[PDB]
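> can't give you the sequence, but here's the structure:
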Ligand SMILES: C[C@@H](OCc1cnn[nH]1)c1cccc2c(-c3ccc(CS(C)(=O)=O)c(F)c3)c(C(=O)O)[nH]c12
Ligand SMILES: [Zn+2]
Ligand SMILES: [Zn+2]
């Protein structure tokens, strides 16, 4: 019943967590540079189909994700959106594509994934190239807040449930630094978070790219930890 953590997640297994009616997060763990991390994605019911947001960080994790969705939900995943180009978002796209899932990302994400040697979603999401842009995609809205954790990071809102999935632009309340900042814009990140706060003031649940969901406080906390990292 509590939100899953690594201590409950061996690398290779996947857990789902009900967030709201027709909204789950998925949680998996992965090793990277000799340390183990959790990471989140999202599942949104789309009538009798499912929309997936982000892979489960790796090929075997993503296969395990699909099997867990079949066990717990039993509806087919038909589309997936990756919210930036790092392996915790696109690693497993090849598994999805071989399982019949149509994979999508912004052109920016596709270019960055290709340049870095990461797996590449098939379809380009236009209409997201300027900060503040939003488009509909099934039961969600996709929003480009500006550069933050990465230049291409997207945010996802589920209007039926007022669920804000921040992806890696948003950190959990317990965080003590801004995570993996290799590709970040620390100077722009607070402005991008401010755009998220102005756009989605009625968000009830906020989900970070890694760690525990909470409320709107995650947004201000993220700005605070990023500013202190920069300083
Ligand atoms: C898949 C990959 O993405 C980075 C990358 C760079 N180049 N290519 N891939 C990745 C690999 C390994 C670790 C991470 C983390 C991370 C998240 C939170 C904390 C705890 S905290 C907020 O208090 O600091 C952290 F310590 C690290 C992130 C992210 O922050 O989103 N992305 C990671
Ligand atoms: Zn990332
Ligand atoms: Zn991340």
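Cool, got the structure. Residues are numbered from 1 along each chain as shown. Ligands and ions are numbered 1, 2, ... in the order given.
> ok so residue 31 is a strand residue?
Yes: Residue 31 forms part of a strand when assessed by DSSP: H, G, I helix; E, B strand; the rest coil.
> Wait, it touches residue 10, no?
No: contact between residue 31 and residue 10 fails when scored by CB atoms under 8 Å: they sit 10.9 Å apart. In this view, the C-beta of every residue, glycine as well, is placed from N, C-alpha and C.
> This structure: strands as residue ranges?
Under the criterion DSSP state E, strands of the chain are mapped to 14-20, 23-32, 35-46, 49-53, 77-81, 102-105, 123-124, 134-137, 140-143, 155-158, 163-167, 205-208.
> The chain against ligand 2: which residues are in contact?
With CB under 5 Å from the ion as the criterion, the chain meets ligand 2 at residues 86, 168.
> By proximity to ligand 3, which residue of the chain wins?
Among the residues of the chain, residue 168 lies closest to ligand 3, at 3.5 Å counting by CB to the ion.
> Count the residues that sit near that residue.
Here the neighbour count serves as a burial measure; for residue 168 (other CB atoms under 10 Å) it reads 25.
> And residue 182, by the same measure?
As a burial measure, residue 182 scores 8 neighbours (other CB under 10 Å).
> Looking at strand pairing, list the partners for the nearest residue to residue 64 once chain neighbours are set aside.
Here the nearest residue to residue 64 in space, its sequence neighbours aside, is residue 14; by CB to CB, 6 or more residues apart in numbering that works out to 4.6 Å. With DSSP bridges as the criterion, residue 14 is bridged to residue 28.
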